[PDB]
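Note: the block below is entry06.pdb and it holds PDB, C-alpha atoms.
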ATOM      1  CA  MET L   1      23.687 -92.713 197.500  1.00  0.00           C
ATOM      2  CA  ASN L   2      22.326 -95.094 200.091  1.00  0.00           C
ATOM      3  CA  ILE L   3      22.198 -98.862 200.781  1.00  0.00           C
ATOM      4  CA  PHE L   4      18.906 -99.223 198.925  1.00  0.00           C
ATOM      5  CA  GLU L   5      20.128 -97.535 195.756  1.00  0.00           C
ATOM      6  CA  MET L   6      23.347 -99.426 195.973  1.00  0.00           C
ATOM      7  CA  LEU L   7      21.622-102.811 196.174  1.00  0.00           C
ATOM      8  CA  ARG L   8      19.092-101.866 193.499  1.00  0.00           C
ATOM      9  CA  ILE L   9      22.091-101.310 191.191  1.00  0.00           C
ATOM     10  CA  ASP L  10      23.721-104.608 192.006  1.00  0.00           C
ATOM     11  CA  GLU L  11      20.653-106.884 192.022  1.00  0.00           C
ATOM     12  CA  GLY L  12      18.264-105.260 189.582  1.00  0.00           C
ATOM     13  CA  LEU L  13      14.453-105.569 189.797  1.00  0.00           C
ATOM     14  CA  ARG L  14      12.437-108.428 188.256  1.00  0.00           C
ATOM     15  CA  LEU L  15       8.719-108.941 188.739  1.00  0.00           C
ATOM     16  CA  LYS L  16       8.607-112.523 187.455  1.00  0.00           C
ATOM     17  CA  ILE L  17      10.468-115.528 189.058  1.00  0.00           C
ATOM     18  CA  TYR L  18      13.917-115.712 187.592  1.00  0.00           C
ATOM     19  CA  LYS L  19      17.111-117.603 188.089  1.00  0.00           C
ATOM     20  CA  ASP L  20      20.007-115.874 189.783  1.00  0.00           C
ATOM     21  CA  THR L  21      23.648-116.116 188.796  1.00  0.00           C
ATOM     22  CA  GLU L  22      23.911-119.404 190.698  1.00  0.00           C
ATOM     23  CA  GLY L  23      20.828-120.923 189.111  1.00  0.00           C
ATOM     24  CA  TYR L  24      18.480-120.316 192.010  1.00  0.00           C
ATOM     25  CA  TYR L  25      14.915-119.129 191.844  1.00  0.00           C
ATOM     26  CA  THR L  26      14.711-115.470 192.856  1.00  0.00           C
ATOM     27  CA  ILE L  27      12.230-112.623 192.505  1.00  0.00           C
ATOM     28  CA  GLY L  28      12.196-108.838 192.974  1.00  0.00           C
ATOM     29  CA  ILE L  29      15.375-107.250 194.142  1.00  0.00           C
ATOM     30  CA  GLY L  30      17.595-110.274 194.801  1.00  0.00           C
ATOM     31  CA  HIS L  31      15.076-112.046 197.006  1.00  0.00           C
ATOM     32  CA  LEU L  32      16.165-115.745 197.004  1.00  0.00           C
ATOM     33  CA  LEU L  33      13.124-118.009 197.018  1.00  0.00           C
ATOM     34  CA  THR L  34      14.552-121.506 197.152  1.00  0.00           C
ATOM     35  CA  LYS L  35      17.726-123.359 196.357  1.00  0.00           C
ATOM     36  CA  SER L  36      15.418-126.157 195.103  1.00  0.00           C
ATOM     37  CA  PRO L  37      15.273-127.043 191.469  1.00  0.00           C
ATOM     38  CA  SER L  38      11.559-127.046 191.438  1.00  0.00           C
ATOM     39  CA  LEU L  39       9.837-124.039 189.873  1.00  0.00           C
ATOM     40  CA  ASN L  40       6.906-125.310 191.785  1.00  0.00           C
ATOM     41  CA  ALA L  41       8.766-125.280 195.049  1.00  0.00           C
ATOM     42  CA  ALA L  42       9.590-121.634 194.050  1.00  0.00           C
ATOM     43  CA  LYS L  43       6.036-120.692 193.372  1.00  0.00           C
ATOM     44  CA  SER L  44       4.909-122.057 196.728  1.00  0.00           C
ATOM     45  CA  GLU L  45       7.629-120.181 198.514  1.00  0.00           C
ATOM     46  CA  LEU L  46       6.706-117.036 196.724  1.00  0.00           C
ATOM     47  CA  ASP L  47       3.000-117.217 197.715  1.00  0.00           C
ATOM     48  CA  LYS L  48       4.039-117.931 201.285  1.00  0.00           C
ATOM     49  CA  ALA L  49       6.290-114.881 201.157  1.00  0.00           C
ATOM     50  CA  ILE L  50       3.644-112.524 199.676  1.00  0.00           C
ATOM     51  CA  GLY L  51       0.554-113.885 201.367  1.00  0.00           C
ATOM     52  CA  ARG L  52      -1.308-114.228 198.095  1.00  0.00           C
ATOM     53  CA  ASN L  53      -1.599-116.518 195.103  1.00  0.00           C
ATOM     54  CA  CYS L  54       0.947-114.958 192.820  1.00  0.00           C
ATOM     55  CA  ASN L  55       1.397-117.483 190.185  1.00  0.00           C
ATOM     56  CA  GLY L  56       5.120-116.441 189.826  1.00  0.00           C
ATOM     57  CA  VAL L  57       4.504-112.752 189.434  1.00  0.00           C
ATOM     58  CA  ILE L  58       4.520-109.810 191.900  1.00  0.00           C
ATOM     59  CA  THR L  59       3.968-106.001 191.780  1.00  0.00           C
ATOM     60  CA  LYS L  60       6.609-103.293 192.277  1.00  0.00           C
ATOM     61  CA  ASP L  61       5.199-102.640 195.731  1.00  0.00           C
ATOM     62  CA  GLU L  62       5.595-106.309 196.768  1.00  0.00           C
ATOM     63  CA  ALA L  63       9.147-106.299 195.441  1.00  0.00           C
ATOM     64  CA  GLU L  64       9.941-103.283 197.528  1.00  0.00           C
ATOM     65  CA  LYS L  65       8.321-104.673 200.598  1.00  0.00           C
ATOM     66  CA  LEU L  66      10.551-107.763 200.369  1.00  0.00           C
ATOM     67  CA  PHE L  67      13.477-105.511 199.749  1.00  0.00           C
ATOM     68  CA  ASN L  68      12.753-103.533 202.920  1.00  0.00           C
ATOM     69  CA  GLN L  69      12.487-106.788 204.869  1.00  0.00           C
ATOM     70  CA  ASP L  70      15.723-108.201 203.481  1.00  0.00           C
ATOM     71  CA  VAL L  71      17.850-105.092 204.125  1.00  0.00           C
ATOM     72  CA  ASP L  72      16.430-104.919 207.666  1.00  0.00           C
ATOM     73  CA  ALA L  73      17.205-108.580 208.276  1.00  0.00           C
ATOM     74  CA  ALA L  74      20.750-108.151 206.872  1.00  0.00           C
ATOM     75  CA  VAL L  75      21.465-105.227 209.290  1.00  0.00           C
ATOM     76  CA  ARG L  76      19.986-107.033 212.386  1.00  0.00           C
ATOM     77  CA  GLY L  77      21.901-110.112 211.384  1.00  0.00           C
ATOM     78  CA  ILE L  78      25.191-108.244 211.364  1.00  0.00           C
ATOM     79  CA  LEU L  79      24.430-106.625 214.734  1.00  0.00           C
ATOM     80  CA  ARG L  80      23.637-109.995 216.326  1.00  0.00           C
ATOM     81  CA  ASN L  81      26.617-111.738 214.873  1.00  0.00           C
ATOM     82  CA  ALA L  82      29.705-111.979 217.078  1.00  0.00           C
ATOM     83  CA  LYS L  83      32.107-111.914 214.199  1.00  0.00           C
ATOM     84  CA  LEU L  84      30.389-109.270 212.131  1.00  0.00           C
ATOM     85  CA  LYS L  85      29.336-106.758 214.775  1.00  0.00           C
ATOM     86  CA  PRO L  86      32.809-105.636 215.867  1.00  0.00           C
ATOM     87  CA  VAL L  87      33.726-105.090 212.259  1.00  0.00           C
ATOM     88  CA  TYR L  88      30.614-103.097 211.524  1.00  0.00           C
ATOM     89  CA  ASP L  89      31.044-100.955 214.619  1.00  0.00           C
ATOM     90  CA  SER L  90      34.577-100.124 213.618  1.00  0.00           C
ATOM     91  CA  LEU L  91      33.687 -98.909 210.149  1.00  0.00           C
ATOM     92  CA  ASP L  92      32.733 -95.518 208.664  1.00  0.00           C
ATOM     93  CA  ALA L  93      29.194 -95.097 207.095  1.00  0.00           C
ATOM     94  CA  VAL L  94      30.094 -95.932 203.464  1.00  0.00           C
ATOM     95  CA  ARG L  95      32.151 -98.982 204.336  1.00  0.00           C
ATOM     96  CA  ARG L  96      29.269-100.062 206.549  1.00  0.00           C
ATOM     97  CA  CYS L  97      27.092-100.236 203.375  1.00  0.00           C
ATOM     98  CA  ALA L  98      29.719-102.386 201.679  1.00  0.00           C
ATOM     99  CA  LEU L  99      29.442-104.989 204.455  1.00  0.00           C
ATOM    100  CA  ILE L 100      25.690-104.889 204.323  1.00  0.00           C
ATOM    101  CA  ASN L 101      25.949-105.519 200.587  1.00  0.00           C
ATOM    102  CA  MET L 102      28.046-108.700 201.094  1.00  0.00           C
ATOM    103  CA  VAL L 103      25.732-109.992 203.771  1.00  0.00           C
ATOM    104  CA  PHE L 104      22.648-109.441 201.627  1.00  0.00           C
ATOM    105  CA  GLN L 105      24.254-111.396 198.775  1.00  0.00           C
ATOM    106  CA  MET L 106      26.045-114.179 200.568  1.00  0.00           C
ATOM    107  CA  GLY L 107      24.400-114.450 203.998  1.00  0.00           C
ATOM    108  CA  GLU L 108      25.958-113.883 207.482  1.00  0.00           C
ATOM    109  CA  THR L 109      27.595-117.237 207.537  1.00  0.00           C
ATOM    110  CA  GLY L 110      29.268-116.664 204.253  1.00  0.00           C
ATOM    111  CA  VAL L 111      30.726-113.288 205.101  1.00  0.00           C
ATOM    112  CA  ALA L 112      31.755-114.475 208.558  1.00  0.00           C
ATOM    113  CA  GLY L 113      33.861-117.013 206.729  1.00  0.00           C
ATOM    114  CA  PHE L 114      36.081-114.244 205.347  1.00  0.00           C
ATOM    115  CA  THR L 115      38.212-114.317 208.490  1.00  0.00           C
ATOM    116  CA  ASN L 116      41.314-112.617 207.219  1.00  0.00           C
ATOM    117  CA  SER L 117      39.539-109.862 205.278  1.00  0.00           C
ATOM    118  CA  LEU L 118      37.413-109.029 208.302  1.00  0.00           C
ATOM    119  CA  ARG L 119      40.536-108.690 210.415  1.00  0.00           C
ATOM    120  CA  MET L 120      42.134-106.356 207.865  1.00  0.00           C
ATOM    121  CA  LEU L 121      39.039-104.260 207.577  1.00  0.00           C
ATOM    122  CA  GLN L 122      38.955-103.896 211.335  1.00  0.00           C
ATOM    123  CA  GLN L 123      42.506-102.834 211.226  1.00  0.00           C
ATOM    124  CA  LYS L 124      41.726-100.316 208.518  1.00  0.00           C
ATOM    125  CA  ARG L 125      44.270-101.854 206.073  1.00  0.00           C
ATOM    126  CA  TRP L 126      42.223-100.991 203.013  1.00  0.00           C
ATOM    127  CA  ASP L 127      44.535-101.989 200.237  1.00  0.00           C
ATOM    128  CA  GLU L 128      45.396-105.198 201.905  1.00  0.00           C
ATOM    129  CA  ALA L 129      41.837-106.168 202.547  1.00  0.00           C
ATOM    130  CA  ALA L 130      40.807-105.421 198.867  1.00  0.00           C
ATOM    131  CA  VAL L 131      43.473-107.753 197.605  1.00  0.00           C
ATOM    132  CA  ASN L 132      42.387-110.490 200.062  1.00  0.00           C
ATOM    133  CA  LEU L 133      38.704-110.153 199.256  1.00  0.00           C
ATOM    134  CA  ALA L 134      39.508-110.706 195.514  1.00  0.00           C
ATOM    135  CA  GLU L 135      40.934-114.151 196.273  1.00  0.00           C
ATOM    136  CA  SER L 136      37.563-115.777 196.594  1.00  0.00           C
ATOM    137  CA  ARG L 137      35.014-117.686 194.640  1.00  0.00           C
ATOM    138  CA  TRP L 138      32.738-114.641 195.184  1.00  0.00           C
ATOM    139  CA  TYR L 139      35.059-112.469 193.151  1.00  0.00           C
ATOM    140  CA  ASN L 140      35.582-115.106 190.411  1.00  0.00           C
ATOM    141  CA  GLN L 141      31.850-115.742 189.979  1.00  0.00           C
ATOM    142  CA  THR L 142      30.577-112.121 190.015  1.00  0.00           C
ATOM    143  CA  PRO L 143      33.592-110.033 189.264  1.00  0.00           C
ATOM    144  CA  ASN L 144      31.957-106.704 188.307  1.00  0.00           C
ATOM    145  CA  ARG L 145      29.713-106.536 191.390  1.00  0.00           C
ATOM    146  CA  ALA L 146      32.551-107.876 193.635  1.00  0.00           C
ATOM    147  CA  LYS L 147      34.809-105.130 192.243  1.00  0.00           C
ATOM    148  CA  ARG L 148      32.294-102.427 192.946  1.00  0.00           C
ATOM    149  CA  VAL L 149      32.096-103.641 196.601  1.00  0.00           C
ATOM    150  CA  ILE L 150      35.789-104.061 196.925  1.00  0.00           C
ATOM    151  CA  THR L 151      36.295-100.527 195.614  1.00  0.00           C
ATOM    152  CA  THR L 152      33.848 -99.195 198.158  1.00  0.00           C
ATOM    153  CA  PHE L 153      35.913-100.889 200.932  1.00  0.00           C
ATOM    154  CA  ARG L 154      39.131 -99.673 199.452  1.00  0.00           C
ATOM    155  CA  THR L 155      38.223 -95.997 199.103  1.00  0.00           C
ATOM    156  CA  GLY L 156      35.366 -95.368 201.486  1.00  0.00           C
ATOM    157  CA  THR L 157      33.514 -93.476 198.706  1.00  0.00           C
ATOM    158  CA  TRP L 158      30.696 -94.206 196.265  1.00  0.00           C
ATOM    159  CA  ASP L 159      32.873 -93.827 193.245  1.00  0.00           C
ATOM    160  CA  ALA L 160      32.178 -97.332 191.881  1.00  0.00           C
ATOM    161  CA  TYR L 161      28.528 -96.647 191.755  1.00  0.00           C
ATOM    162  CA  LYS L 162      28.584 -93.057 190.500  1.00  0.00           C
ATOM    163  CA  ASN L 163      29.003 -94.302 187.096  1.00  0.00           C
ATOM    164  CA  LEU L 164      26.003 -96.652 187.154  1.00  0.00           C
TER     165      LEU L 164
END
The structure in this file should be written as structure tokens.
Amino acid sequence: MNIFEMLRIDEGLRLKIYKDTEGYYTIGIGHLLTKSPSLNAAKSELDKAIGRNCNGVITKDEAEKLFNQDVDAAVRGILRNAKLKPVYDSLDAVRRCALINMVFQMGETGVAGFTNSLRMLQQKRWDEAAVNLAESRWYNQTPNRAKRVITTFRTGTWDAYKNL
């Protein structure tokens, strides 16, 4: 299992504009288009993103291209971030994917806000960190996905996804 397969499980793949869990316009594999309520603002953003007139629909290939870009941006973001980097450097390979997962979903800023959890992860206090992470809006809004991620942090294995 790898970061791509992990995220493909958690986000799914949709070739037509859709609304995410939060009500925002998304496409492909969790690619947020706009927070704007306008489907038209979404369609414009999408064409800008693809470089073609898409009329709200993209191919598998386009979806994957965006996916490659997003994962890449998530990793570089972590490595450039003063709060995130030290955490990432301290982790094993599997746990590293768990952090990339959070960043892809909630942005750098969002994850960097999890001060206490970050501290516990750095300290390798797995159980403690899992419990802290669960006390969040993140967990309340998307419990099954949050649990899969939390489990990955807790155990350092791909068990939560071996099912799926």
- For the structure shown, which residues end up in the PyMOL selection byres ((chain L and resi 75-90) around 12)? Put them as a VMD selection string, please? chain L and resid 3 68 to 74 91 to 104 107 to 124
Could you please take those selected residues and save C-alpha atoms as a tab-separated table (two decimals), keeping the file's coordinate frame?
chain	number	residue	atom	x	y	z
L	3	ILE	CA	22.20	-98.86	200.78
L	68	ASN	CA	12.75	-103.53	202.92
L	69	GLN	CA	12.49	-106.79	204.87
L	70	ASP	CA	15.72	-108.20	203.48
L	71	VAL	CA	17.85	-105.09	204.12
L	72	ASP	CA	16.43	-104.92	207.67
L	73	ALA	CA	17.20	-108.58	208.28
L	74	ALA	CA	20.75	-108.15	206.87
L	91	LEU	CA	33.69	-98.91	210.15
L	92	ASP	CA	32.73	-95.52	208.66
L	93	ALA	CA	29.19	-95.10	207.10
L	94	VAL	CA	30.09	-95.93	203.46
L	95	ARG	CA	32.15	-98.98	204.34
L	96	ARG	CA	29.27	-100.06	206.55
L	97	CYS	CA	27.09	-100.24	203.38
L	98	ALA	CA	29.72	-102.39	201.68
L	99	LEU	CA	29.44	-104.99	204.46
L	100	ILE	CA	25.69	-104.89	204.32
L	101	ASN	CA	25.95	-105.52	200.59
L	102	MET	CA	28.05	-108.70	201.09
L	103	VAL	CA	25.73	-109.99	203.77
L	104	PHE	CA	22.65	-109.44	201.63
L	107	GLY	CA	24.40	-114.45	204.00
L	108	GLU	CA	25.96	-113.88	207.48
L	109	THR	CA	27.60	-117.24	207.54
L	110	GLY	CA	29.27	-116.66	204.25
L	111	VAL	CA	30.73	-113.29	205.10
L	112	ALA	CA	31.76	-114.48	208.56
L	113	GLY	CA	33.86	-117.01	206.73
L	114	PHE	CA	36.08	-114.24	205.35
L	115	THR	CA	38.21	-114.32	208.49
L	116	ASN	CA	41.31	-112.62	207.22
L	117	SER	CA	39.54	-109.86	205.28
L	118	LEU	CA	37.41	-109.03	208.30
L	119	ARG	CA	40.54	-108.69	210.42
L	120	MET	CA	42.13	-106.36	207.86
L	121	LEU	CA	39.04	-104.26	207.58
L	122	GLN	CA	38.96	-103.90	211.34
L	123	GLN	CA	42.51	-102.83	211.23
L	124	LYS	CA	41.73	-100.32	208.52
- Within 10 Å of residue L:46 using all atoms listed in the file, minus same-chain residues under 5 positions, as a PyMOL selection string: chain L and resi 17+25-27+31-34+40-41+51-58
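Distances here use all atoms listed in the file; by that measure, the residue among L:139, L:67, L:24, L:158 closest to residue L:38 is L:24.
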Once 5 Å is added on each side, what are the centre and the three edge lengths, in Å to one decimal, of the axis-aligned box enclosing the listed atoms of stretch 30-46 of chain L? Present them as lines of an AutoDock Vina configuration file.
center_x = 11.3
center_y = -118.7
center_z = 194.2
size_x = 22.8
size_y = 26.8
size_z = 18.6
- Distance query residue L:141 at most 12 Å, all atoms listed in the file, self and fewer than 6 positions along chain excluded, as a PyMOL selection string: chain L and resi 20-22+134-135+147
- Would you mind reading off the distance between atom CA of residue L:30 and atom CA of residue L:6, one decimal, in Å?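 Interatomic distance here is 12.3 Å.
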- So how many Å separate atom CA of residue L:14 and atom CA of residue L:29, to one decimal?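 Taking atom CA of residue L:14 as the start and atom CA of residue L:29 as the end point, the length is 6.7 Å.
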- Query: Hey, which of L:144, L:149, L:155, L:105 ends up closest to residue L:127? Count all atoms listed in the file.
  - Reply: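 Between L:144, L:149, L:155, L:105, the residue approaching residue L:127 most closely is L:155.
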Apply the PyMOL selection byres ((chain L and resi 154) around 9) to the file shown and report the selected residues as a PDB file with C-alpha atoms, in the coordinates of the input.
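Result saved to part-v9.pdb:
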ATOM      1  CA  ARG L  95      32.151 -98.982 204.336  1.00  0.00           C
ATOM      2  CA  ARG L 125      44.270-101.854 206.073  1.00  0.00           C
ATOM      3  CA  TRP L 126      42.223-100.991 203.013  1.00  0.00           C
ATOM      4  CA  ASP L 127      44.535-101.989 200.237  1.00  0.00           C
ATOM      5  CA  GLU L 128      45.396-105.198 201.905  1.00  0.00           C
ATOM      6  CA  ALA L 129      41.837-106.168 202.547  1.00  0.00           C
ATOM      7  CA  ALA L 130      40.807-105.421 198.867  1.00  0.00           C
ATOM      8  CA  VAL L 149      32.096-103.641 196.601  1.00  0.00           C
ATOM      9  CA  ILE L 150      35.789-104.061 196.925  1.00  0.00           C
ATOM     10  CA  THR L 151      36.295-100.527 195.614  1.00  0.00           C
ATOM     11  CA  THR L 152      33.848 -99.195 198.158  1.00  0.00           C
ATOM     12  CA  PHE L 153      35.913-100.889 200.932  1.00  0.00           C
ATOM     13  CA  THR L 155      38.223 -95.997 199.103  1.00  0.00           C
ATOM     14  CA  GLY L 156      35.366 -95.368 201.486  1.00  0.00           C
ATOM     15  CA  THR L 157      33.514 -93.476 198.706  1.00  0.00           C
TER      16      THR L 157
END
Could you add whatever atoms are missing so that stretch 140-157 of chain L carries N, CA and C atoms, then write the result as a CSV table (one decimal), keeping the file's coordinate frame?
chain,number,residue,atom,x,y,z
L,140,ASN,N,35.5,-114.4,191.7
L,140,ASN,CA,35.6,-115.1,190.4
L,140,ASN,C,34.2,-115.3,189.7
L,141,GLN,N,33.2,-115.5,190.5
L,141,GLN,CA,31.8,-115.7,190.0
L,141,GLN,C,31.1,-114.5,189.5
L,142,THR,N,31.2,-113.4,190.3
L,142,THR,CA,30.6,-112.1,190.0
L,142,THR,C,31.6,-111.0,190.1
L,143,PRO,N,32.5,-111.0,189.2
L,143,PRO,CA,33.6,-110.0,189.3
L,143,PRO,C,33.2,-108.5,189.2
L,144,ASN,N,32.3,-108.1,188.4
L,144,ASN,CA,32.0,-106.7,188.3
L,144,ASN,C,31.3,-106.2,189.6
L,145,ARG,N,30.3,-106.9,190.1
L,145,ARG,CA,29.7,-106.5,191.4
L,145,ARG,C,30.8,-106.6,192.5
L,146,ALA,N,31.5,-107.8,192.6
L,146,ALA,CA,32.6,-107.9,193.6
L,146,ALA,C,33.5,-106.7,193.6
L,147,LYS,N,33.9,-106.3,192.4
L,147,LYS,CA,34.8,-105.1,192.2
L,147,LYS,C,34.2,-103.8,192.7
L,148,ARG,N,32.9,-103.7,192.5
L,148,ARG,CA,32.3,-102.4,192.9
L,148,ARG,C,32.4,-102.4,194.5
L,149,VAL,N,32.1,-103.5,195.1
L,149,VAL,CA,32.1,-103.6,196.6
L,149,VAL,C,33.5,-103.5,197.2
L,150,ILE,N,34.4,-104.1,196.5
L,150,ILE,CA,35.8,-104.1,196.9
L,150,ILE,C,36.3,-102.6,196.8
L,151,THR,N,35.9,-101.9,195.8
L,151,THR,CA,36.3,-100.5,195.6
L,151,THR,C,35.7,-99.6,196.7
L,152,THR,N,34.5,-99.9,197.1
L,152,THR,CA,33.8,-99.2,198.2
L,152,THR,C,34.6,-99.4,199.5
L,153,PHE,N,35.1,-100.6,199.7
L,153,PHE,CA,35.9,-100.9,200.9
L,153,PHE,C,37.3,-100.2,200.9
L,154,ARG,N,37.8,-100.2,199.7
L,154,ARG,CA,39.1,-99.7,199.5
L,154,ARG,C,39.2,-98.2,199.7
L,155,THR,N,38.3,-97.4,199.1
L,155,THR,CA,38.2,-96.0,199.1
L,155,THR,C,37.3,-95.4,200.1
L,156,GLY,N,36.3,-96.0,200.6
L,156,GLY,CA,35.4,-95.4,201.5
L,156,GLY,C,34.5,-94.3,200.8
L,157,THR,N,34.4,-94.4,199.5
L,157,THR,CA,33.5,-93.5,198.7
L,157,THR,C,32.6,-94.3,197.8
